[PDB]
């Protein structure tokens, strides 16, 4: 079974969990997964009550890996307080600039994700689950379809799984080019066969989701932790990394580093360690100027000693690390972030629709040296006014990184204004 060409992203782990197989850049099929003890966490889970699985996942302190860090167990608990039927959704839309951590699980160790989906579905009483994978991951789509068939043949999916009385089918849906379809409610709209337009939240999907039914949406990486939590127990899982923010975490590192790729590391690792200890330091040993946390935040070279955790002073986000060095023009980089938001607003909300557009249009004039005084003042105003009335996170953050560059790199911006 041949697949489309995929570039061979470098992957390194100090924990040997999520990347025990995915550190090798190829598809690991079900026999190889089984030889490594795979699906024995599922078997164990089916001998447990759903309520006990939720409890372990709660006690593990697992938090959402899709960017917001919501406690996973708490999320599941909320879903099961509502009458069924319920649905489970794996979010594989991964489209934020700099972020490529989820695809290496999907493309190299799909059974880790499948096993996590089955356990999670059982935990919340869902008999129908979905993977929503972005359209620009065609190989991941075919790999997952094939892996799901392998799992069916070995009796891990279908009716009455391993004699447990639990039924599950996993359907694989494809996106078709919209970053906003990673927002969980827009994702659900897309699964329902519509345009990807976020819904007002609350209600959260766990109350009202797919077809208005209780729905848990979790990120690929979040789900990939679930087999480990069942396999080793929650106590041992909490002994991974710092007691405060336990567990393995994937860090997709790119830009001006010697060893760009995905690193599996504990969350007490600092940003400086990620860059210098793990990713080989900078190209040309040039000084770090900035790190972009995807398209969300901009950290300066004075902020490299922060931990890669979900604490208030920590890196947070998805652990996406894009490294800019001393030669890299911050205004040019800010323009690329503005262009992303321009291209990805869904346009339901007026300040988001016109603000994302104007932010990019005006910043392009600034960059090219064609901005009037009014264009400069307009740019500053628009950047501060994308968020009002927004119903989803995109409008709330479309100006965030750019504002941070204005605050942290005033000298470079001032050169453009002159």
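Numbering follows the first chain given and starts at 1. In this text, rigid core is short for the largest set of C-alphas that superpose within 1.5 Å between two forms.
> Fitting on the core, do the C-alphas of 238-246 or of 170-178 deviate more in 6 other deposited structures of this protein?
Farther on average in 6 other deposited structures of this protein: 238-246.
> Is 195-203 or 216-224 the stretch whose C-alphas end up farther from this model in 6 other deposited structures of this protein after a rigid core fit?
The stretch that sits farther from the shown form in 6 other deposited structures of this protein is 195-203.
> Taking the recorded C-alpha temperature factors, which stretch has the higher mean, 330-338 or 282-290?
282-290 has the higher mean C-alpha B-factor.
> Which has the higher mean CA temperature factor in the PDB entry, 181-189 or 297-305?
In the deposited entry, the stretch with the higher C-alpha B-factor mean is 297-305.
> For the listed 347, 209, 252, 316, which has the peak Cα B-factor recorded in the PDB entry?
Of 347, 209, 252, 316, 316 has the highest C-alpha B-factor.
> Can you tell me which of 120, 160, 225, 219 has the highest Cα temperature factor in the record?
Top of the list by C-alpha B-factor: 160.
> Would you mind ranking residue 198 by its C-alpha B-factor against the rest of the chain and naming the third, lowest, middle or highest?
According to the entry, residue 198 has a C-alpha B-factor in the chain's lowest third.
> Going by the CA temperature factor in the PDB record, which third of the chain does residue 17 belong to: lowest, middle or highest?
Residue 17: CA B-factor falls in the middle third of its chain.
> Divide the modelled residues of the chain into thirds by Cα B-factor and specify which third, lowest, middle or highest, holds residue 93.
Tercile = lowest for this residue's CA B-factor.
> Please place residue 48 in the lowest, middle or highest third of its chain by C-alpha B factor as given in the entry.
Highest third.
> Which third, lowest, middle or highest, does the CA B-factor of residue 239 fall in along this chain?
Highest third of the chain for residue 239's C-alpha B-factor.
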